[PDB]
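The structure under discussion appears below in the form of structure tokens.
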Amino acid sequence: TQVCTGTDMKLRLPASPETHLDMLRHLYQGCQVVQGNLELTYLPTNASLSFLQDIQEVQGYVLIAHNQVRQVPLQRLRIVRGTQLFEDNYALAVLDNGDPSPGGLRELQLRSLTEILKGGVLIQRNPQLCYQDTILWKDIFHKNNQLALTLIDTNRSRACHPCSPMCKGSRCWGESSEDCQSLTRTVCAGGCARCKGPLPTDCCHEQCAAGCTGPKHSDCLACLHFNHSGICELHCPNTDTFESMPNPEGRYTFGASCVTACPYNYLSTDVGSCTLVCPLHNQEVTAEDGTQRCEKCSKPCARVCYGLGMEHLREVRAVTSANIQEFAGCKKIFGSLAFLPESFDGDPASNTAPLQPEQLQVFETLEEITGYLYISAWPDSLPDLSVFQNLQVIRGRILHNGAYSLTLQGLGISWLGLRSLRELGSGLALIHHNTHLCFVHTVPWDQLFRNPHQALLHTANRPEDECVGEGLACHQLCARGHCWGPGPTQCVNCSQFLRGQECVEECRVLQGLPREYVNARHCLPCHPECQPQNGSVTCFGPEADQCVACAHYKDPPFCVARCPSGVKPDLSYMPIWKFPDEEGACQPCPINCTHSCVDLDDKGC
Amino acid sequence: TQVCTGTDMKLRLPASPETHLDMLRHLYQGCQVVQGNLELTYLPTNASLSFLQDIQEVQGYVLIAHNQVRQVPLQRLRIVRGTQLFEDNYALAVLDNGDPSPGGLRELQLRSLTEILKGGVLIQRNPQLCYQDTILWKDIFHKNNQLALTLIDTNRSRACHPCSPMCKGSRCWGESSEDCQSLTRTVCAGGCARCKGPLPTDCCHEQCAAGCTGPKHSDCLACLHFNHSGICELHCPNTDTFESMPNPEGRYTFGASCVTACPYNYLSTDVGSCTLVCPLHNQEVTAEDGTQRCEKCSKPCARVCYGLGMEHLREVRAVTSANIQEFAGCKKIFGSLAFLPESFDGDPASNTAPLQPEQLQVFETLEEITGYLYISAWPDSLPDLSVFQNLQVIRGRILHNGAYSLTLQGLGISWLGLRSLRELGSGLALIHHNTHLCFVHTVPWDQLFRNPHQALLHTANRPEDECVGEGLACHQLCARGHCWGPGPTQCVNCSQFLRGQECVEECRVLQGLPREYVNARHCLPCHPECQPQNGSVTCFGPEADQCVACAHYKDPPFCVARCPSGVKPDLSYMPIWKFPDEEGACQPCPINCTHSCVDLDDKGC
Amino acid sequence: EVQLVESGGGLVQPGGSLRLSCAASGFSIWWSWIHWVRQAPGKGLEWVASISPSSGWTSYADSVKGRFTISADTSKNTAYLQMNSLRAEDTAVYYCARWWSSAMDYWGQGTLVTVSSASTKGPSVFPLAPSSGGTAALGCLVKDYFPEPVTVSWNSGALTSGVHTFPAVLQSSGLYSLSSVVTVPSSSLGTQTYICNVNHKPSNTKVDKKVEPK
Ligand SMILES: *[C@@H]1O[C@H](CO[C@@H]2O[C@@H](C)[C@@H](O)[C@@H](O)[C@@H]2O)[C@@H](O[C@@H]2O[C@H](CO)[C@@H](O[C@@H]3O[C@H](CO)[C@@H](O)[C@H](O)[C@@H]3O)[C@H](O)[C@H]2NC(C)=O)[C@H](O)[C@H]1NC(C)=O
Ligand SMILES: *[C@@H]1O[C@H](CO[C@@H]2O[C@@H](C)[C@@H](O)[C@@H](O)[C@@H]2O)[C@@H](O[C@@H]2O[C@H](CO)[C@@H](O[C@@H]3O[C@H](CO)[C@@H](O)[C@H](O)[C@@H]3O)[C@H](O)[C@H]2NC(C)=O)[C@H](O)[C@H]1NC(C)=O
Ligand SMILES: *[C@@H]1O[C@H](CO)[C@@H](O[C@@H]2O[C@H](CO)[C@@H](O[C@@H]3O[C@H](CO)[C@@H](O)[C@H](O)[C@@H]3O)[C@H](O)[C@H]2NC(C)=O)[C@H](O)[C@H]1NC(C)=O
Ligand SMILES: *[C@@H]1O[C@H](CO)[C@@H](O[C@@H]2O[C@H](CO)[C@@H](O[C@@H]3O[C@H](CO)[C@@H](O)[C@H](O)[C@@H]3O)[C@H](O)[C@H]2NC(C)=O)[C@H](O)[C@H]1NC(C)=O
Ligand SMILES: [Cl-]
Ligand SMILES: [Cl-]
């Protein structure tokens with residue numbers, strides 16, 4: 001895939017620096033269009049960053065900050081759109097790279113960057129950085145007033161080499177010959193927003209951005225608005241003319257391209273767009289395919305459980321005792337769940353009591369989270385996450401720190417117990433620094449994820465080779481060695497049969513306590529009135545008409561405890577009176593009343 | 001009417017060159033705004049083209065190609081919009097006019113053309129064309145980058161005369177004095193997109209195109225966006241202010257004007273626009289007026305029969321044996337039907353069998369086509385088009401080749417048989433080269449068409465004066481000499497009475513096989529128990545209570561075969577026992593049971 | 001694969017009526033254009049009536065108008081010819097055909113309608129045996145039957161070449177009589193016998209007379 005999420009962690013120091021770069025790597029490996037912000041922060045000196053080399057286009061901002069690395073290989077980046085801005089002003093922010101052989105970014109090397117659509121540039125405190133003052137930023141900007149939002153520090157600890165002798169007019173992104181700045185705006189003819197040269201015939205189509213290779217709207221280096229299968233357009237496709245032409249029907253607007261159908265975890269709108277959140281007056285219906293769609297409520301919209309980052313909890317940063325009751329009986333939360341140290345310690349500033357462990361019971365019904373699950377603190381009483389026993393999907397439509405849909409850190413649970421979890425819609429999982437936690441690598445994460453660009457990042461849990469004995473590794477009866485915790489009630493898939501929650505070797509088909517039939521690998525009880533059979537099948541189903549033989553009397557076709565004595569199967573039906581045989585089959589009574597009948601007959605009717 | 005459809009046939013050689021110009025003539029006679037592409041192709045030398053002289057405005061592109069004619073009189077054309085482009089790039093394409101006294105276009109004479117909103121100009125291979133290189137195209141273009149999409153060949157077989165001495169600065173569209181190029185853009189003051197002169201006070205309103213006669217938004221020569229009853233506006237008309245002003249309520253956006261109600265064959269949208277196709281999640285309801293409207297589906301949208309040029313058949317060019325079954329039981333197709341030689345011959349490249357004649361049965365239920373019907377091949381077994389027996393309307397919302405809603409060519413059917421066809425919503429009909437076909441001129445086309453700008457184009461069918469005998473002309477009993485084929489079952493209107501499908505001289509009111517009453521010019525059968533009357537009316541309606549006299553017994557108020565014998569008209573009603581009179585009237589029985597009664601009474605109750 | 005198999009012919013008294021079927025396979029009669037054509041013995045082809053069942057157009061020759069009714073049942077995929085008030089000059093072989101291009105491409109086999117006052121008589125079949133060469137002939141005699149036709153085949157249609165079935169002759173008695181011969185090697189007599197299969201439909205007679213050298 002070419003389109004990937006950004007991050008949203010700004011200048012915050014990494015939650016686990018051990019696996020921070022791995023996060024970045026998985027996130028951007030192969031990615032071309034970053035649907036969000038490109039944040040390259042806190043990168044060590046030797047850092048291998050070749051996974052960035054396909055990034056062509058960024059929607060949000062680009063933030064390169066707090067790095068000791070000498071260069072970030074972003075040579076193919078053509079356009080940042082600035083749909084979101086750093087510090088609400090900047091589309092490109094290069095901050096604090098290197099301390100106040102030596103560490104720090106030396107060159108920018110954004111050799112292809114020829115369009116910043118919105119916001120300015122902020123470059124500050126980079127003691128090793130050269131050539132940033134060289135660039136004619138005006139050209140890159142879409143409008144000139146973006147110059148008024150630009151601050152470029154040139155304080156520097158080293159002398160810079162000149163631009164390559166092969167450089168046009170002393171403007172470059174680095175010492176290389178292919179590092180010269182390519183001007184596509186200020187160097188143009190007549191009208192022309194972008195040109196490939198100074199002649200009128202070198203103008204790019206009205207609909208290009210960054211530049212072009214020719215005059216047609218298919219020669220664009222970037223689309224100003226929308227990419228319709230290699231053609232830049234103002235809109236995603238009411239007809240006026242009496243005909244039909246090629247280029248398929250109508251499309252959904254997803255990011256800055258028109259696409260046939262919305263990508264995996266998104267939602268199609270009536271307005272004709274893809275989204276991770278529906279508008280007001282709108283539900284969310286699942287098609288038989290699994291496809292999701294926002295649509296207007298026919299009645300007044302029914303009750304909806306909003307999690308964090310949604311509705312009244314949009315500012316609220318964690319599940320506390322103040323809002324825990326809001327999730328009572330919720331099968332599906334629209335938003336995220338976050339449990340922080342402050343959840344269980346309880347903020348003593350506000351009159352908010354520390355949340356007690358048994359209050360987490362509210363989540364027992366929970367099956368779906370649209371946002372993310374984040375657990376950085378958990379009660380020391382609880383050995384596992386069994387309160388989330390029934391959670392099936394975490395969509396990850398909202399990702400914690402813009403990257404993780406499931407984070408478990410610093411917990412000291414011994415096992416997971418998330419035994420219904422079958423899907424992580426999108427985003428990465430992070431499970432780190434849980435010193436007691438086993439059963440992390442007995443989970444088939446490959447099957448929980450959807451796209452193959454997501455992964456589990458793990459470090460400083462209980463060592464894998466130390467999860468070996470009983471109560472520390474999967475039970476014998478777990479199929480393919482997969483489980484969420486210890487014992488035959490924690491298997492992902494069941495090797496043999498299930499009796500309720502438990503994996504069992506055999507059902508009691510031929511021998512045992514109460515006899516059983518099997519149905520879809522499930523042990524299920526015969527009817528009490530079935531007669532257990534010697535080494536043979538006792539029953540075929542749960543109903544009393546499915547016995548091989550009756551334990552007491554038989555009342556065609558049922559095995560009964562006693563023969564009917566004045567029962568009426570319903571109103572308006574006359575009562576049914578019966579008596580047993582020498583064999584045991586219930587027999588109908590004769591002439592009505594006087595001798596109301598039973599075995600040897602009784603009066604009183 | 002002022003607004004007309006374009007064509008969409010590009011460089012394709014005319015399907016019948018005999019009546020090709022007549023097509024053009026009917027299409028454009030009186031037309032001012034071309035809602036589509038203006039394609040003037042393959043015009044012979046002497047061609048009379050004065051019908052183009054009112055064209056003022058073109059939405060799509062203008063394609064003048066393959067003509068031997070010396071000029072096209074398009075002097076009033078002010079603006080081409082380029083909503084559609086020729087070869088995806090060109091708004092004006094003038095190609096191959098004249099061979100590689102002599103034939104060919106000599107001058108362009110677009111003396112009023114002052115705005116091309118989108119796309120470039122392509123002028124090539126016109127050996128007689130002069131002055132095209134003279135024009136300052138930059139002025140006509142809306143943006144300068146449109147220059148980068150311009151190719152103007154000047155290879156020429158003749159010397160050109162100079163522009164009229166009265167020409168500004170050697171720029172003209174022809175030798176005439178009124179042929180000088182009027183510059184409205186490059187010659188302007190300050191800001192100003194269009195001006196009527198070089199002073200600041202000569203600027204046209206922000207909302208004009210092509211130029212103007214004054215500064216007000218009512219002085220525009222063309223509207224840049226929308227024409228609101230002589231006022232150019234950015235939008236078609238949520239209120240903020242506490243008042244009410246003139247200029248009627250709100251309008252529908254139709255083409256580039258705001259109008260009160262959508263034109264005849266269009267569809268109004270909730271979004272407030274006219275269209276020939278509804279969006280997804282949308283049906284199409286007919287108001288009591290006959291007015292059509294797109295509206296959201298309250299339930300999930302029901303099954304819909306899509307024809308060609310729609311949904312999965314949008315690329316498919318003809319009805320074949322691969323998709324014939326898709327139309328099973330369709331009463332109304334959304335799209336078009338096309339039957340081509342390849343339909344019945346069957347493409348042997350793909351494993352697609354030739355379509356058999358009896359497979360056309362699927363269309364027997366068909367009543368409506370939104371698109372067009374096109375038949376260029378038909379099975380030699382079938383004498384007529386009787387499979388389309390029940391087709392009532394062909395809307396023509398999609399027109400074959402952008403012009404025809406009904407085309408019948410090269411068929412060798414003997415008659416039509418489209419005996420339910422009452423409406424051709426829009427477009428022309430073309431019926432040509434059916435050497436055996438009569439009953440073409442016995443159809444009242446004047447009544448099938450809606451607007452009087454449409455017509456039937458016919459040539460090389462069976463001569464009119466050779467459709468004279470029996471089986472070749474209308475039946476005596478057809479009213480006004482109108483019929484779809486031979487015999488009293490093919491009349492458009494029925495002269496006397498209908499007995500089912502057949503036109504008959506008299507109903508059997510006074511005399512005949514089974515007696516009949518008349519209801520709305522329809523012969524309908526009396527009840528079998530009615531007694532036929534001597535030269536008098538036998539019954540008044542179909543019910544057995546509507547006889548003049550009974551054939552057998554009478555059971556008030558019914559004429560019956562036999563008197564009721566223990567019938568109960570419903571449950572909870574006691575059975576009714578009766579006996580006949582000496583006259584014949586059924587009489588009620590006496591005291592209940594013992595003598596259960598019938599004529600002379602019977603036991604067993 | 002496109003076929004028309006017609007039936008309903010036979011004997012009728014003058015003034016009486018008869019209905020002819022024309023069952024189709026390989027195409028729909030309803031959408032087609034079915035035509036009836038007759039041929040009085042020793043005469044040209046004569047058009048009789050036609051029907052375009054879908055369009056409802058029925059057409060008749062002045063010769064038969066008011067006596068004949070053409071119709072078609074769609075479900076049976078069959079066209080009919082109802083013939084009333086029949087006369088001597090209605091006696092003919094009636095064919096049904098399908099219009100195509102502007103000709104009739106598929107035809108029925110043709111059924112024989114014979115209008116006469118004489119009653120149906122069954123044929124008696126007599127052997128024609130060879131005597132005491134190189135190549136010798138044998139055959140059957142189908143004598144005294146009415147009306148035409150009789151079908152003679154040999155060994156259930158297995159033997160074809162050498163066979164001559166002569167056209168029937170009208171006798172003084174008013175009944176018909178024909179002979180059907182076949183030539184076979186004179187060294188085949190005895191250990192190779194031949195059976196002739198006579199079939200007179202109007203009388204329901206299926207005689208299998210084995211001819212033997214005697
Ligand atoms: C270039 O850098 C100088 C400072 O020089 C040095 O490098 C920096 C990256 C820091 O590590 C500094 O500690 C170091 O000296 C910047 O000059 C400084 O600018 C600020 C305003 O932006 C001046 O304001 C002062 O602020 C202090 C503390 O708030 C007050 O006490 C002062 O009264 C005064 O208002 C400051 O004077 C000045 N520093 C010096 C050395 O005098 C400079 O901003 C930077 N250039 C750019 C373009 O970013
Ligand atoms: C003006 O016209 C000339 C050609 O002159 C003549 O008029 C034309 C309308 C045609 O009828 C020609 O057959 C006739 O000679 C155009 O010049 C031609 O241009 C093309 C490229 O556009 C040249 O390319 C050639 O293509 C051929 C075939 O593919 C190759 O074999 C050659 O190797 C070569 O690549 C071609 O050389 C050239 N023709 C001549 C005569 O040499 C010209 O394009 C046109 N001007 C404009 C502005 O349209
Ligand atoms: C606008 O978006 C369209 C998507 O429809 C882009 O077209 C795609 O771009 C690729 C790469 O430029 C094209 O080439 C192909 O690339 C793939 C992957 O690298 C390679 O395997 C193929 O051999 C081929 O070279 C291709 O036209 C098209 N790819 C697909 C699968 O749709 C286009 O790049 C975008 N343009 C702009 C203006 O941003
Ligand atoms: C914008 O559209 C409006 C339509 O509301 C146009 O106004 C119409 O234009 C005509 C012709 O210019 C005007 O004059 C009238 O013409 C008719 C027909 O030629 C003639 O019979 C009358 O005597 C009269 O002169 C009239 O104002 C108006 N017509 C009607 C019936 O609505 C206007 O032309 C368009 N303007 C632009 C900017 O394109
Ligand atoms: Cl480095
Ligand atoms: Cl001319």
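If you're wondering about the labels, chains in the structure tokens are A, B, ... by order shown, residues count from 1 in each chain, ligands from 1 in order shown.
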
Test item: residues at most 6 Å from residue B:205, only C-alpha atoms, excluding those fewer than 4 positions along its chain, as a ChimeraX atom specification: /B:215-217

Return as an mmCIF file with N, CA and C atoms, in the first residue's frame every polymer residue, whether protein, DNA or RNA, with at least one atom no more than 7 Å from an atom of ligand 5; count only C-alpha atoms and all ligand atoms.
data_model
loop_
_atom_site.group_PDB
_atom_site.id
_atom_site.type_symbol
_atom_site.label_atom_id
_atom_site.label_comp_id
_atom_site.auth_asym_id
_atom_site.auth_seq_id
_atom_site.Cartn_x
_atom_site.Cartn_y
_atom_site.Cartn_z
ATOM 1 N N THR A 45 22.130 8.743 16.356
ATOM 2 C CA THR A 45 23.118 9.072 15.327
ATOM 3 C C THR A 45 23.203 8.048 14.175
ATOM 4 N N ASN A 46 23.393 6.773 14.507
ATOM 5 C CA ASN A 46 23.534 5.714 13.501
ATOM 6 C C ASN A 46 22.240 5.286 12.782
ATOM 7 N N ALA A 47 21.108 5.846 13.211
ATOM 8 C CA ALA A 47 19.768 5.467 12.735
ATOM 9 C C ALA A 47 19.647 5.211 11.231
ATOM 10 N N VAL A 69 20.831 12.325 14.308
ATOM 11 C CA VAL A 69 21.118 11.822 12.956
ATOM 12 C C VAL A 69 21.547 12.960 12.018
ATOM 13 N N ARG A 70 22.458 12.653 11.094
ATOM 14 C CA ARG A 70 23.072 13.669 10.227
ATOM 15 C C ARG A 70 22.269 14.025 8.972
ATOM 16 N N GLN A 71 21.393 13.118 8.541
ATOM 17 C CA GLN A 71 20.433 13.410 7.466
ATOM 18 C C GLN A 71 19.230 12.468 7.453
#

Contacts to ligand 2 at 7 Å cut-off (only C-alpha atoms and all ligand atoms) as a PyMOL selection string: chain B and resi 100+124-125+152-155

Residues of chain B within 10 Å of chain C, counting only C-alpha atoms, as a VMD selection string: chain B and resid 356 to 361 379 to 387 389 411 to 419 436 470 to 471 484 to 490 501 to 502

Taking only C-alpha atoms and all ligand atoms into account, list the residues no farther than 12 Å from ligand 6, as a short mmCIF file (atom, residue, chain, number, x, y, z; two decimals) with N, CA, C and O atoms, in the first residue's frame.
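The file below, selection.cif, is the result:
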data_model
loop_
_atom_site.label_atom_id
_atom_site.label_comp_id
_atom_site.auth_asym_id
_atom_site.auth_seq_id
_atom_site.Cartn_x
_atom_site.Cartn_y
_atom_site.Cartn_z
N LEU B 43 -19.55 17.98 -43.86
CA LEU B 43 -20.50 18.82 -44.58
C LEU B 43 -20.06 19.06 -46.02
O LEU B 43 -18.95 19.57 -46.25
N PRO B 44 -20.91 18.67 -46.98
CA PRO B 44 -20.65 18.80 -48.42
C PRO B 44 -20.52 20.26 -48.83
O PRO B 44 -20.85 21.15 -48.05
N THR B 45 -20.06 20.48 -50.06
CA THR B 45 -19.69 21.83 -50.51
C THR B 45 -20.86 22.84 -50.51
O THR B 45 -20.75 23.90 -49.89
N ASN B 46 -21.96 22.50 -51.16
CA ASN B 46 -23.12 23.40 -51.27
C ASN B 46 -23.98 23.56 -50.00
O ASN B 46 -24.91 24.37 -49.98
N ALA B 47 -23.64 22.79 -48.96
CA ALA B 47 -24.42 22.71 -47.72
C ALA B 47 -24.97 24.04 -47.19
O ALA B 47 -24.21 24.97 -46.93
N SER B 48 -26.29 24.11 -47.03
CA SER B 48 -26.96 25.27 -46.45
C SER B 48 -26.95 25.20 -44.92
O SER B 48 -27.63 24.35 -44.33
N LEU B 49 -26.20 26.09 -44.28
CA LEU B 49 -25.98 25.99 -42.83
C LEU B 49 -26.52 27.17 -42.02
O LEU B 49 -26.09 27.40 -40.89
N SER B 50 -27.48 27.90 -42.59
CA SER B 50 -28.04 29.09 -41.94
C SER B 50 -28.76 28.80 -40.62
O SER B 50 -29.13 29.72 -39.90
N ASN B 67 -14.92 18.76 -43.41
CA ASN B 67 -15.90 19.47 -44.22
C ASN B 67 -15.32 19.94 -45.54
O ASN B 67 -14.15 20.33 -45.61
N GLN B 68 -16.14 19.91 -46.59
CA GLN B 68 -15.76 20.50 -47.86
C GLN B 68 -16.37 21.89 -48.02
O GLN B 68 -15.96 22.66 -48.88
N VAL B 69 -17.35 22.20 -47.16
CA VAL B 69 -18.00 23.52 -47.12
C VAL B 69 -16.98 24.63 -46.86
O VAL B 69 -16.00 24.43 -46.14
N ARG B 70 -17.21 25.80 -47.47
CA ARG B 70 -16.25 26.91 -47.44
C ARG B 70 -16.34 27.81 -46.20
O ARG B 70 -15.37 28.49 -45.86
N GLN B 71 -17.50 27.82 -45.54
CA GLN B 71 -17.65 28.48 -44.24
C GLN B 71 -18.85 27.98 -43.43
O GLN B 71 -19.87 27.59 -43.99
N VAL B 72 -18.70 27.98 -42.11
CA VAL B 72 -19.79 27.68 -41.20
C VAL B 72 -20.20 29.00 -40.53
O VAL B 72 -19.36 29.64 -39.90
N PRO B 73 -21.47 29.40 -40.66
CA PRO B 73 -21.85 30.74 -40.19
C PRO B 73 -22.08 30.82 -38.67
O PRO B 73 -23.22 30.98 -38.22
N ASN B 97 -10.18 19.91 -43.01
CA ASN B 97 -11.23 20.48 -43.84
C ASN B 97 -10.70 20.79 -45.24
O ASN B 97 -10.01 21.78 -45.45
N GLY B 98 -11.04 19.91 -46.19
CA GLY B 98 -10.49 19.96 -47.54
C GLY B 98 -9.47 18.85 -47.73
O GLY B 98 -8.80 18.45 -46.78
N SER B 101 -13.55 26.89 -56.18
CA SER B 101 -13.42 25.61 -56.87
C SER B 101 -12.92 24.48 -55.94
O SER B 101 -13.57 23.43 -55.86
N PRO B 102 -11.78 24.68 -55.25
CA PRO B 102 -11.36 23.58 -54.38
C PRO B 102 -12.16 23.58 -53.08
O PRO B 102 -12.61 24.63 -52.63
N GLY B 103 -12.35 22.40 -52.50
CA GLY B 103 -13.12 22.29 -51.27
C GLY B 103 -12.31 22.68 -50.05
O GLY B 103 -11.07 22.68 -50.08
N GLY B 104 -13.02 23.02 -48.98
CA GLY B 104 -12.38 23.30 -47.70
C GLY B 104 -12.77 24.63 -47.08
O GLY B 104 -13.09 25.59 -47.79
N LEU B 105 -12.75 24.66 -45.75
CA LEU B 105 -13.01 25.85 -44.96
C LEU B 105 -11.95 26.92 -45.25
O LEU B 105 -10.75 26.65 -45.18
N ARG B 106 -12.42 28.12 -45.57
CA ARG B 106 -11.54 29.22 -45.96
C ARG B 106 -11.24 30.19 -44.80
O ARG B 106 -10.11 30.64 -44.64
N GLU B 107 -12.28 30.50 -44.02
CA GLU B 107 -12.17 31.37 -42.85
C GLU B 107 -12.89 30.71 -41.69
O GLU B 107 -13.83 29.94 -41.91
N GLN B 128 -7.17 25.26 -47.04
CA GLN B 128 -7.76 26.51 -47.54
C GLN B 128 -7.92 27.59 -46.45
O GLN B 128 -8.27 28.73 -46.76
#

Interface residues on chain B facing chain A, 8 Å, only C-alpha atoms, written as a VMD selection string: chain B and resid 5 to 6 8 35 to 36 89 143 to 149 254 to 255 273 to 279 281 298 309 311 315 396 to 403

Write out as a compact mmCIF listing (two decimals) with N, CA and C atoms, in the first residue's frame each polymer residue whose atoms come within 9 Å of residue C:214, counting only C-alpha atoms; drop sequence neighbours fewer than 5 positions from it.
# COMPACT_ATOMS: atom_id res chain seq x y z
N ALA C 129 -43.34 -63.77 -54.02
CA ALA C 129 -42.19 -64.65 -53.82
C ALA C 129 -41.47 -64.99 -55.12
N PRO C 130 -40.12 -65.03 -55.08
CA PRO C 130 -39.32 -65.48 -56.22
C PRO C 130 -39.39 -67.00 -56.41
N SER C 131 -39.08 -67.47 -57.61
CA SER C 131 -39.12 -68.90 -57.93
C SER C 131 -37.73 -69.46 -58.27
N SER C 132 -37.68 -70.65 -58.86
CA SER C 132 -36.42 -71.28 -59.26
C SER C 132 -35.80 -70.60 -60.48

Which of stretch 3-211 of chain C DSSP labels strand (DSSP E or B), written as a PyMOL selection string: chain C and resi 3-7+10-12+18-25+34-39+46-52+57-60+65+68-73+78-83+92-100+103-107+111-115+121+124-128+135-146+151-154+159+163-165+169-170+176-185+194-200+205-211

One-decimal distance in Å that lies between atom CA of residue B:38 and atom CA of residue B:9: 10.2 Å

Identify, counting only C-alpha atoms and all ligand atoms, the protein, DNA and RNA residues located within 8 Å of ligand 4, and give them as a PDB file with N, CA and C atoms, in the first residue's frame.
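Result file part_1.pdb:
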ATOM      1  N   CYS B 208     -19.165  38.495 -15.189  1.00  0.00           N
ATOM      2  CA  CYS B 208     -19.275  38.339 -16.633  1.00  0.00           C
ATOM      3  C   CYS B 208     -18.228  37.396 -17.180  1.00  0.00           C
ATOM      4  N   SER B 218     -25.677  42.983 -15.005  1.00  0.00           N
ATOM      5  CA  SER B 218     -26.750  42.749 -15.967  1.00  0.00           C
ATOM      6  C   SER B 218     -26.297  43.156 -17.368  1.00  0.00           C
ATOM      7  N   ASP B 219     -25.055  43.621 -17.457  1.00  0.00           N
ATOM      8  CA  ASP B 219     -24.495  44.122 -18.703  1.00  0.00           C
ATOM      9  C   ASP B 219     -23.575  43.092 -19.352  1.00  0.00           C
ATOM     10  N   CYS B 220     -23.523  41.892 -18.770  1.00  0.00           N
ATOM     11  CA  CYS B 220     -22.660  40.803 -19.233  1.00  0.00           C
ATOM     12  C   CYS B 220     -22.981  40.318 -20.631  1.00  0.00           C
ATOM     13  N   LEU B 221     -21.951  39.994 -21.402  1.00  0.00           N
ATOM     14  CA  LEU B 221     -22.179  39.322 -22.683  1.00  0.00           C
ATOM     15  C   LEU B 221     -22.365  37.821 -22.486  1.00  0.00           C
ATOM     16  N   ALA B 222     -21.847  37.311 -21.373  1.00  0.00           N
ATOM     17  CA  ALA B 222     -22.033  35.915 -20.975  1.00  0.00           C
ATOM     18  C   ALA B 222     -21.829  35.798 -19.467  1.00  0.00           C
ATOM     19  N   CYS B 223     -22.527  34.853 -18.837  1.00  0.00           N
ATOM     20  CA  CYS B 223     -22.348  34.616 -17.407  1.00  0.00           C
ATOM     21  C   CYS B 223     -21.222  33.634 -17.170  1.00  0.00           C
ATOM     22  N   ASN B 227     -26.882  32.201 -15.010  1.00  0.00           N
ATOM     23  CA  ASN B 227     -27.757  33.278 -15.447  1.00  0.00           C
ATOM     24  C   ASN B 227     -29.081  33.262 -14.694  1.00  0.00           C
ATOM     25  N   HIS B 228     -29.272  34.231 -13.805  1.00  0.00           N
ATOM     26  CA  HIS B 228     -30.505  34.330 -13.029  1.00  0.00           C
ATOM     27  C   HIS B 228     -31.421  35.404 -13.620  1.00  0.00           C
ATOM     28  N   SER B 229     -32.245  35.006 -14.593  1.00  0.00           N
ATOM     29  CA  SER B 229     -33.154  35.911 -15.314  1.00  0.00           C
ATOM     30  C   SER B 229     -32.522  37.242 -15.743  1.00  0.00           C
ATOM     31  N   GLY B 230     -31.368  37.170 -16.404  1.00  0.00           N
ATOM     32  CA  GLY B 230     -30.689  38.365 -16.911  1.00  0.00           C
ATOM     33  C   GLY B 230     -29.680  38.999 -15.971  1.00  0.00           C
ATOM     34  N   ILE B 231     -29.424  38.346 -14.840  1.00  0.00           N
ATOM     35  CA  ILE B 231     -28.419  38.783 -13.865  1.00  0.00           C
ATOM     36  C   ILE B 231     -27.412  37.660 -13.634  1.00  0.00           C
ATOM     37  N   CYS B 232     -26.134  37.928 -13.877  1.00  0.00           N
ATOM     38  CA  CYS B 232     -25.107  36.913 -13.670  1.00  0.00           C
ATOM     39  C   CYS B 232     -24.725  36.781 -12.197  1.00  0.00           C
ATOM     40  N   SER B 257     -27.708  28.155 -16.079  1.00  0.00           N
ATOM     41  CA  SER B 257     -28.717  29.125 -15.648  1.00  0.00           C
ATOM     42  C   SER B 257     -29.558  28.609 -14.479  1.00  0.00           C
TER      43      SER B 257
END

Close residues, residue C:209 itself excluded, 10 Å, only C-alpha atoms, min 2 positions apart in chain, as a list in words: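 Surrounding residues, per the criterion: residues 125, 126, 127, 139, 140, 141, 194, 195, 196, 197, 198, 206, 207, 211 and 212 of chain C.
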